[PDB]
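Below is one structure; the comments refer to it alone.
No Cβ is skipped: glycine too gets one built from the backbone with ideal geometry, and neighbour counts run over all protein chains shown. Basis: the model, the stated rules and, where named, an outside source; no laboratory read-out is quoted.
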Amino acid sequence: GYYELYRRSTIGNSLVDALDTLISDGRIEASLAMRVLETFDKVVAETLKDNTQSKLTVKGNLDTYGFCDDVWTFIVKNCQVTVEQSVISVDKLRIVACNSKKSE
Amino acid sequence: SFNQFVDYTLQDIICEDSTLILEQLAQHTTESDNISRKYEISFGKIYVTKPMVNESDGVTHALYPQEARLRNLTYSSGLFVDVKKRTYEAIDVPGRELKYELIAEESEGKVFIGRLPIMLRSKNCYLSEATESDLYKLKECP
Amino acid sequence: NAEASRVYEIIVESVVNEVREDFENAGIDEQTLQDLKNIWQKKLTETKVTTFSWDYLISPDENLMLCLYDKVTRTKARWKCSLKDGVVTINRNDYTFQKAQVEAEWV
Amino acid sequence: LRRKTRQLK
Amino acid sequence: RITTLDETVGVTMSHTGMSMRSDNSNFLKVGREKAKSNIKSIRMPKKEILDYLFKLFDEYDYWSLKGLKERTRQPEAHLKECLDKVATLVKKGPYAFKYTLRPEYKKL
Amino acid sequence: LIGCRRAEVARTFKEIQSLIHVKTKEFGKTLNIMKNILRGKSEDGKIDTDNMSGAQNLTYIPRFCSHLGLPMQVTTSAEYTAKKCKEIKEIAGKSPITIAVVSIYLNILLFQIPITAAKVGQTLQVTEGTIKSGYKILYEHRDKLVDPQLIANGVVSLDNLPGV
Amino acid sequence: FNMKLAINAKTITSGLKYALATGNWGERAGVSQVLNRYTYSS
Amino acid sequence: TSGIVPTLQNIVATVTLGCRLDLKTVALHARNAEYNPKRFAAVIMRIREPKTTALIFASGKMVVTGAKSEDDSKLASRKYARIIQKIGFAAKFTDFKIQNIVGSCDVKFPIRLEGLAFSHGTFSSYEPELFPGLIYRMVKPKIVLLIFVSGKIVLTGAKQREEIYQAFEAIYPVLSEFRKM
Amino acid sequence: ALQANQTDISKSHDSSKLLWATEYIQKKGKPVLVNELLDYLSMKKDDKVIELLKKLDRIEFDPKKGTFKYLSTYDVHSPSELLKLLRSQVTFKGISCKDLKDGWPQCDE
């Protein structure tokens, strides 16, 4: 099984709009839209796991944390994010993470 | 007679039942547990040290016949044998002979197996290489 | 970010090719596959994410990062989080990473 | 079941 | 001929007896292997487990205790309560020590 | 462990643990419980002397030196160094094993035996960093950690001790 | 598995010492006797 | 005599609510919650302005720790209950009892742990090769004292503020007598 | 959340539904009409499980009101009934008190 969290990203969020827009057109079945969505998690999980080599680090202050159903939630305020180079200042950054060990 | 036994017979005796093998069969209870493990312990060369005594606190030092007689100590030396520990595992398929294979676990050491009393004026005794002057130094009668 | 675009191009390529098999199962025409790629691609560029080839209680424009956590620990005021295989969105800009060390002081 | 432990000579 | 050690007796015996060295051998460490594999679920409430057993029973009519704990992953304590409420064990029959669904629910 | 302490042949926790497979949690709690039982029965129905003290680092040095194979002269010097090693507060609170081993290492270099710090740590399972870390503090009190007769005779000179 | 406990060195040591300290050979009698030192010829 | 009052470092207090809670709902509806049933069967919530941690269970039993004062723990416990009340669960303030007070202080001089281990046999327990601090189990009051070479004394086990102070006054004479050098 | 806790009656296997019905029926002081059952399990039509319940031996049907009752192994609710039941036994096999307690509030007294 693969998590459905990625749906909330920019790529995932726009997919729902793209699929729902055609759903309103009536050219796609509602179930047919769910099956493709399930396959979306698989492809995203594999590509992210093998086709990237960048590094990130976030340093700041945690304003909120939470753990429920093996889904950690963090909120960092006034943090500096560096890529691999250039630091980026942020005001509020929410972090959502699931357990590394996939739940079968 | 003693020189022959220490030099040759000791090795020969150990090289008879040096191998002890315990076989853990498949124990078929589920398909996820179908491997058969074989554990092997083998004895190799044997080493004999010079006469020595270990005190109560654990300090070991060379012992001479003169000291042993007064202190009621046994004039004996330690025996060490190289031990080869090997383990083999194989996949047990029903109704077929197994093909045991080495599982990349072959420990390479000396193990103490006891003390052997040493007959005086033998090849393993301190007085074999002692001259008349040396024997007088060691308080031993030539 | 060139890397972010490259991964995004990979995402569209895999899903469109992987979803073809199920479309034939439902008996939908092939032209729908191109329209799905057409509308989806225009959505990504419309959002303008990156250059493309084409209180005590719990309560786009807001930054968000999705990932997986390997190990999380804290020392009495200092959380230390290990992240893996996530996509981040900062100030309307997106990046991707294989790992990320997030440690902050819990005031 | 067997003795799950035996000696082979 | 046997080889006699020429090293100091004290050094040779440093590996014998109550030595401070910690053994690095991994041969036949049965206890260590079992310790690493450990996990425990938490109570997985009733309204869901009672439904799952019947599907498990439907797959095969004679179901073992060890396999059931493996499949269900519950504590034996709580698991026994539901299992006894739904199934019964025939000890004196040929299929001894095997849980089976009660005739009232199997004969349906 | 209790029996060894009574017979003036006290061993270490690690030494006994090498044979009996028991973790530090239960062993320490059991020993404390066991000690109370003996003490309660002692006066009611002796048991302990200055030997029963936990540190007793003087007793370990002769055995540790034997493992290293050092001559008795080095062992005697290490005993004197360890005996005066308790006058320094910066290392007085350290474990008896480290106090004895570090003292042995200091005398090893004093007498110039070709045994490196790695061997001392490996044989007695003491981290190399601890040996060097402890040696640094003891290096500031060489005058009070060396026998006066030995230096006066000239067998060992303080200049032979490496300095950092 | 602890090799220090799998092999007990007392079995070899105790057996040889007992068999030599006493006459009993095993685990015949009088095999070992206290050496006479009354005179060199003895 | 000593002139230095030990400063309490932690107070552990337990409170009861008498009502059953749904831990999952609280975790999803709490600003700072950590409910992991795999390891422990409780939800742990922290509140900043007291800087204290709470242990809220499903049986309505609560434990509060981290407060540096007796009154401070009461404020933390009350605010925790108010947070539970605001969620919607039936929670009411009830018996508040302090089960442990921890104090730390220093005597500003080295202590010969060897002498204490022998002079006071039953109470003393010195095993320097496990823990570098001497364990003193005083009989009256029943307080455990951790004595260290650096002259630092830790007081734990007292149930009242008066009790912990009595321990230091009673043990002070026996510590000064073994002042190293 | 509690309302959503009770999942749909469309369970994996029909046996569980009967098991819940048997558990629910036994905990009622008096027989409960079919209407009470229908309120418990969301099966208004003539579901199989309802028929399957009747086929069992530990359930008694009441055609006067169309009700199912929790039939017990021994129908004793008074010391006189218990005394005659023991007398009627042809062998010296005692009657289990575990089964005697079921269907009877107090037995120890």
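Looking only at residues in the stretch A:74-104 that are among the hydroxyl-bearing types (S, T, Y) and under 26 Å from C:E3 (Cα atoms), which one is surrounded by the fewest Cβ atoms within 10 Å (Cβ to Cβ)? Outline the logic, then answer.
To start, the set of residues in the stretch A:74-104 that are among the hydroxyl-bearing types (S, T, Y) comprises A:82, A:86, A:89, A:100, A:103.
Of the ones still in play, those that are also under 26 Å from C:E3 (Cα atoms) are A:82, A:86, A:89, A:100.
Values: A:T82: 13, A:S86: 7, A:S89: 11, A:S100: 15.
Selected residue: A:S86.
Note on the stretch C:1-31: residues that are farther than 17 Å from C:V87 by Cβ and surrounded by 15 or more Cβ atoms within 10 Å (Cβ to Cβ) total 4.
Taken over the stretch C:38-71, residues that are more than 19 Å from the chain's Cα centre (by Cα) and more than 7 Å from every other protein chain (Cβ to nearest Cβ) amount to 3. Taken together, the criteria place B:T74 among residues that are outside any helix (DSSP H, G or I), more than 9 Å from chain E (Cβ to nearest Cβ) and of a type outside the set (A, V, I, L, M, F, W, C).
Does E:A35 meet the test of being closer than 26 Å to I:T7 by Cβ and part of a helix (DSSP H, G or I)? Break it down stepwise before answering.
Numbers: closer than 26 Å to I:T7 by Cβ: no; part of a helix (DSSP H, G or I): yes.
When the stated conditions are applied, E:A35 does not pass them.
Selection of the stretch I:63-79 for residues being surrounded by 10 or more Cβ atoms within 10 Å (Cβ to Cβ) and out of contact with any strand residue (DSSP E or B) (no Cβ under 8 Å at 6 or more places or on another chain) yields I:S72, I:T73, I:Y74, I:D75, I:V76, I:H77. Of the residues making up the stretch H:32-74, those that are assigned to a strand (DSSP E or B), more than 14 Å from chain E (Cβ to nearest Cβ) and hydroxyl-bearing (S, T, Y) are H:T52, H:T53, H:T65.
Can you confirm whether B:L25 is within 30 Å of F:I16 (Cβ to Cβ) and either more than 10 Å from every other protein chain (Cβ to nearest Cβ) or touching a strand residue (DSSP E or B) at 6+ places or on another chain (Cβ under 6 Å) (or both)?
no
Among strands (runs of 3 or more DSSP E) entirely within the stretch A:35-104, having at least 3 residues that are within 19 Å of A:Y3 (Cα to Cα), not small (G, A, S) and not assigned by CATH to the domain that holds A:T10 singles out A:71-83, A:87-99. Considering only residues that are surrounded by 16 or more Cβ atoms within 10 Å (Cβ to Cβ) and within 29 Å of H:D22 (Cβ to Cβ), which ones fall in the stretch H:97-112? Selection gives H:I98 alone. Considering the stretch I:38-67, and only residues there that are in a helix (DSSP H, G or I) and touching a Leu at 6+ places or on another chain (Cβ under 9 Å), the residue that is nearest to I:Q26 (Cα to Cα) turns out to be I:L53.
Residues of the stretch E:1-49 that are among the small types (G, A, S) and within 11 Å of chain G (Cβ to nearest Cβ): E:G17, E:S19, E:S25, E:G31. Among the residues making up the stretch F:1-38, those that are under 17 Å from F:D50 (Cα atoms), surrounded by 15 or more Cβ atoms within 10 Å (Cβ to Cβ) and within 13 Å of chain E (Cβ to nearest Cβ) are F:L1, F:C4, F:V9, F:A10, F:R11, F:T12. Only a single criterion out of (1) under 20 Å from H:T25 (Cα atoms); (2) in the same structural domain as H:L8 (by CATH) is not satisfied by H:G103, namely (1). Scanning the stretch C:13-30 for residues that are farther than 19 Å from A:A30 by Cβ, more than 9 Å from chain A (Cβ to nearest Cβ) and not charged (D, E, K, R) yields C:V16, C:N17. Could you tell me whether the stretch B:54-62 includes any residue that is closer than 30 Å to B:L102 by Cβ, within 14 Å of chain E (Cβ to nearest Cβ) and among the hydroxyl-bearing types (S, T, Y)? Among the residues of the stretch B:54-62, not one is closer than 30 Å to B:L102 by Cβ, within 14 Å of chain E (Cβ to nearest Cβ) and among the hydroxyl-bearing types (S, T, Y), which makes the answer no. Please work out if F:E43 is within 13 Å of chain H (Cβ to nearest Cβ), among the acidic types (D, E) and assigned to a helix (DSSP H, G or I). For F:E43, the condition - within 13 Å of chain H (Cβ to nearest Cβ), among the acidic types (D, E) and assigned to a helix (DSSP H, G or I) - is met. For residues in the stretch F:90-138 being small (G, A, S) and closer than 16 Å to E:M20 by Cα, which is surrounded by the most Cβ atoms within 10 Å (Cβ to Cβ)? By that ranking, first place goes to F:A100. Scan the stretch F:58-91 residue by residue and report those that are within 12 Å of the chain's Cα centre (by Cα) and within 14 Å of chain E (Cβ to nearest Cβ). Scanning the stretch F:58-91 gives F:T59, F:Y60, F:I61, F:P62, F:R63, F:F64, F:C65, F:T75.
Among the numbered conditions (1) farther than 16 Å from C:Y8 by Cβ; (2) within 7 Å of chain C (Cβ to nearest Cβ), the only one that A:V43 does not meet is (1). Of all residues in the stretch C:49-74, those being within 20 Å of C:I10 (Cβ to Cβ) and surrounded by fewer than 13 Cβ atoms within 10 Å (Cβ to Cβ) number 3. Looking only at residues of the stretch G:20-42 that are small (G, A, S) and more than 10 Å from chain B (Cβ to nearest Cβ), we find that the one that is nearest to E:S22 (Cα to Cα) is G:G26. Which residue is nearest to B:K38 (Cα to Cα), if the candidates are limited to the stretch B:97-118 and must be within 12 Å of chain G (Cβ to nearest Cβ) and among the small types (G, A, S)? Per the stated criteria, the residue is B:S107.
Is the stretch B:6-15 home to any residue that is in a strand (DSSP E or B) and either over 16 Å from the mean Cα position of the chain (by Cα) or under 20 Å from G:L20 (Cα atoms) (or both)? Don't jump to the end; show me each part of the working.
Of the residues in the stretch B:6-15, the ones in a strand (DSSP E or B) are none.
Within the stretch B:6-15 (the criterion being in a strand (DSSP E or B) and either over 16 Å from the mean Cα position of the chain (by Cα) or under 20 Å from G:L20 (Cα atoms) (or both)), the answer is no, since none of the residues qualifies.
Check the stretch H:124-146 and report whether any residue there is surrounded by fewer than 18 Cβ atoms within 10 Å (Cβ to Cβ), closer than 14 Å to F:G93 by Cβ and touching a helix residue (DSSP H, G or I) at 6+ places or on another chain (Cβ under 8 Å). Yes - at least one qualifying residue is present in the stretch H:124-146. Scanning the stretch E:63-86 for residues that are closer than 17 Å to E:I39 by Cβ, in a helix (DSSP H, G or I) and either of a type in the set (S, T, N, Q) or over 13 Å from the mean Cα position of the chain (by Cα) (or both) returns E:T72, E:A77, E:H78, E:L79. Scanning the stretch H:75-106 for residues that are outside any strand (DSSP E or B) and among the hydrophobic types (A, V, I, L, M, F, W, C) returns H:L75, H:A76, H:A81, H:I83, H:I84, H:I87, H:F89, H:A90, H:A91, H:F93. The set of residues in the stretch C:72-97 being at the interface with another protein chain (Cβ under 7 Å from one of its Cβ atoms) and in a loop (DSSP other than H, G, I, E, B) consists of C:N91 alone.
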